[PDB]
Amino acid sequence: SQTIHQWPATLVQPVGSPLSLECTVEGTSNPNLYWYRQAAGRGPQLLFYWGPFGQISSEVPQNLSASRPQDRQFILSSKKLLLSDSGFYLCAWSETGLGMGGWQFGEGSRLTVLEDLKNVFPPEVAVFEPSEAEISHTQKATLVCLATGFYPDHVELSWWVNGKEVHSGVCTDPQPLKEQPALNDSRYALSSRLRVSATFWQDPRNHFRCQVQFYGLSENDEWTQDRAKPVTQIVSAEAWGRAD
């Protein structure tokens, strides 16, 4: 079969820094390759379209360039990022061979360009134990996890129970909300729920963990503030069941 991969998935970089997005496709030869950019609440806009007959480019001036060093590798670059370059970048391909085929996108690249890296904050994470009233009325126990005060707005929250990630009974906000709606550079918050049976919650041997991956600064980014360099990291909170 054929697939397509792009990386990095999510980038947080300062203005004036270089950009390099990668994209590879497998299972075909001489594919059409595309780079798109998508704004929130809008459809993907074509940046570059390369193929056997040439390069087609967006009619609107871009601060980006494309390269194809190998048949199945497509790269999106910039020597010097602008604040206006923040966005969601998408790579895609289509079959040039007999018959249709492809028209699939990679996983995308979330790019956040920052004017000032001191605005970056990792999340604080807390888990809240189920209500005894819920347990009585329903025989179910809902735990809640709150990830608060982070910036930029992208984190990945997962729940772990006894060393294994769980998906059943999990409901997580699709996107973070702004703690300060009227303020431009507001920090963010995200919530999730894990619902298990009362009987499972009431065993104190059961260990629950809310885990949040945050993407921020990399090792090479400079930092002189007292607080810990807000680097890409995992922040989590945990709880153990209780008999009561």
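Start at 1 with the first residue shown and count on from there.
Looking at 163-171 and 108-116 together, the entry lists the larger mean B-factor for 108-116, computed on C-alpha atoms. Looking at 181-189 and 29-37 together, the entry lists the larger mean B-factor for 181-189, computed on C-alpha atoms.
Per the deposited record, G54 carries the highest C-alpha B-factor of all listed residues (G54, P69, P204, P44).
Highest CA B-factor among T24, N220, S236, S20, as stated in the entry: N220.
Per-chain ranking of the deposited C-alpha B factor places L11 in the middle third. The entry lists a Cα temperature factor for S65 that places it in the middle third of the chain's modelled residues. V155: CA B factor lies in the middle third for its chain, per the PDB record. Among all modelled residues in this chain, the alpha-carbon of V127 has a temperature factor (C-alpha) in the middle third.
For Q73, the recorded CA temperature factor ranks within the lowest third of the chain's modelled residues.
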